[PDB]
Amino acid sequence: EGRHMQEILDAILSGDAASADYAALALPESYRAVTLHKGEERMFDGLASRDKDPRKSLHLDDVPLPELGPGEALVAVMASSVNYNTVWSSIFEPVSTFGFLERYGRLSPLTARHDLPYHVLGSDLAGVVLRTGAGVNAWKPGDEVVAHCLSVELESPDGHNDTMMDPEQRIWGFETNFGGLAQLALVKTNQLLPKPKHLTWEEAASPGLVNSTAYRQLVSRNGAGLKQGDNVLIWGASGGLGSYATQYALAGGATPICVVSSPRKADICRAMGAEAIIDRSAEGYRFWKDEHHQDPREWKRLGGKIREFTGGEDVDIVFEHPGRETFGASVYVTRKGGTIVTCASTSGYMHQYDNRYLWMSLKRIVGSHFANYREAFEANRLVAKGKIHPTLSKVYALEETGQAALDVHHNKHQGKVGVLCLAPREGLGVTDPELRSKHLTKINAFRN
């Protein structure tokens, strides 16, 4: 385990270590981390994406601690989660992350710390601050934290009216090194948020990435600007993003039309409170009739199915992310004047759509990407208030991150797949038991 690392974990588990105790703990010289290796980035060349196996490319390595810099924190990570970006990274698609690290390392000697022949992955965490760098006053050793994954330098003026517009804006653990699928992580302190006290470590680590994105994409004025009464088509409603978009639609007074591909996922949507659920596999939609042409009759068939649930109304908003396969239909079925908001292209990023439906019906396609610190704060605030709930289905140990990534790669999962890092077992970290007890049924709605 390592003596210094074990002493850090014992401090956390004791429950009554003070900030000065964490400050006095000796730092280990290495930590265990899930990594990619630069020499292997071509190992899947010529394969179909589905045949690329994250278990072959993900390694469990001992890596040295990076040097702590200004505005940063070293964090002892109790738990993290698998995200799709973890899957993209592990199959080197659409491009290898080592290209991101190389470009990032050119900015300054500080960013050059990230340009290494291994890539520590992971874009969520829940844990405890161990150290803070120069200029940090809002966070201190011992603070229980979750982290959002926005990395912004904010030297350029572009990001000072919404930090997502920073030209050097990046995603921590994907376009930067020292991610959260490890025993320790390095983050900017303007990634830190207070851990929800009613959640376990693994529950608390599970919402950060997808919940923040869903909030900006659906709730905020920088995305679709949902209002009560809206009809919202939610693709992938029982996956990572969808498990929060569906909660936002319902808690916001809108009507979600949830799309899933199994009756088990349909049951979860009903457990969340949704009533209008479409099983795209039962319906057998074939939006593309061959490699280059779509089928407008299948767009219309989806549109008619939506109208069955809404009493003849077309959706005000489409919550997109599947990309090429569904995007033509998404644009077609949207109400006149409505919005398709997209943050991803899982099935393929070369989108095709019929612009007659977009311009003649005054629709818009809004590109959305993660969330600024304020939006991340607001999304985590709603979790802390028990208004939005974690969606954990299954938890793996850190050593099993390859199988966890394979689960998501092959769409075998529901909700979020969590990963224990330093936490020795599930169930630890709750310090608000009465709030937990109030919401326990919903907290566990995605569990196997």
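From 1 onward, residues are counted along the sequence shown. Take the two forms, find the largest set of C-alpha atoms that superpose within 1.5 Å, and that set is the rigid core.
Where the structures in 4 other deposited structures of this protein are fitted on the rigid core, 209-217 is the one of 123-131 and 209-217 whose C-alphas sit farther from the shown form on average. RMS Cα deviation from the shown model in 4 other deposited structures of this protein, rigid core fit, is larger for 323-331 than for the other stretch of the pair 177-185 / 323-331. Mean C-alpha B-factor is higher over 37-45 than over the other stretch, the pair under comparison being 378-386 and 37-45. In this entry, 95-103 shows the higher mean Cα temperature factor of the pair 365-373 and 95-103. Of all the options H198, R113, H293, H351, the entry's greatest CA B-factor is assigned to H293.
Sort the modelled residues of the chain by CA B factor and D230 lands in the lowest third. In this PDB entry, the Cα temperature factor of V210 sits in the bottom third of its chain's modelled residues, the lowest group. Sort the modelled residues of the chain by CA B factor and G337 lands in the middle third. Among all modelled residues in this chain, the alpha-carbon of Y84 has a temperature factor (C-alpha) in the middle third.
In this PDB entry, the Cα temperature factor of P141 sits in the top third of its chain's modelled residues, the highest group.
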